[PDB]
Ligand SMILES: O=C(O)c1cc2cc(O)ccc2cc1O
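Presented as structure tokens, the chain that follows is alone, the form deposited without this ligand.
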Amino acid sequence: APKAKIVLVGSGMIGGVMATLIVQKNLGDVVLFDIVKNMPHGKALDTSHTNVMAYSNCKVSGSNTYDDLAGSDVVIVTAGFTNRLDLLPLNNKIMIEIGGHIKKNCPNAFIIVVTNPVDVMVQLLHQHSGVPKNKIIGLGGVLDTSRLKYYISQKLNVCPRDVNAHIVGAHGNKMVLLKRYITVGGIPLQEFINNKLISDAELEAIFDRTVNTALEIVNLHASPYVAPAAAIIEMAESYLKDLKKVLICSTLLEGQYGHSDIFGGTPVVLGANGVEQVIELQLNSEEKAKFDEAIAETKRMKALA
């Protein structure tokens, strides 16, 4: 069947929601892969029954063998151990193992990396898998901006999706939030600030909140996995359905912002041909300085893998 085959390399919390959302949207057949014995089979069985409730027809199966990567159209990697820097070499080993199988079983698959630090892990897998630069991206901006877009929408009382924002450079503490590129209903946010509808102080607090959301969720005795999963599926769906959505993801930089041979967060266009366009925001020197900071941290960690 010409039905897309989506292999989720890692059957943890994010993997579970991704599987659920795929069936809900009837995106394609799903394989929940992991090295943990049977668990992926158990989650796959549970999820497979939702086909009835959702009027879908997507096979959902578990797997403990890399062989099931064969025929994969899309591969989503969430696998990985969770100082923080001590995991770098370890997770690189996981990227190496996965990359070798991708190269052997599905060299033409579209890859989405989630493993943290994503900006580092994505380039590592790109290198070990050998896939073209336009066929591999990392999760970052879609998730990070969903927080900023959401918090602003609540203050302004408008549909969350009506707020657009851009966070670039890298996923994580060094993420670059661009106040200048925020709009509401397509209108520059500054107009709403001029109107006293939202203050600069309110925005600064929202910015800090955005950068520290994962930490905030963790401190509330939970962990972020639902939004990450939803952000990942928006990306995968844009590719599978050739939507050509403009989404901020970690992609290989070839001179943009003055950086090369490194992956960084920036808006790109995802369609049937993968990363069809890499958009370079015309940042000013101040924003560029922050982007530089993001890249520096990515390079720092890359060197330790």
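Each residue number is its position in the shown sequence, starting from 1.
Although not depicted, the form solved in complex with this ligand is the subject of the following passage.
Note that among 159 to 167, 143 to 151, 197 to 205, 183 to 191, the stretch whose heavy atoms approach this ligand to within 4.5 Å in the bound PDB entry is 143 to 151.
Using a 4.5 Å heavy atom cutoff, none of 238, 246 and 274 lies near this ligand in the bound PDB entry. The shortest heavy atom separation between residue 230 and this ligand in the bound PDB entry exceeds 4.5 Å. Residue 178 falls outside the set of residues with a heavy atom inside 4.5 Å of this ligand in the bound PDB entry. Residues of 270 to 305 that come within 4.5 Å of this ligand in the bound PDB entry, judged by any heavy atom, do not exist; none qualify.
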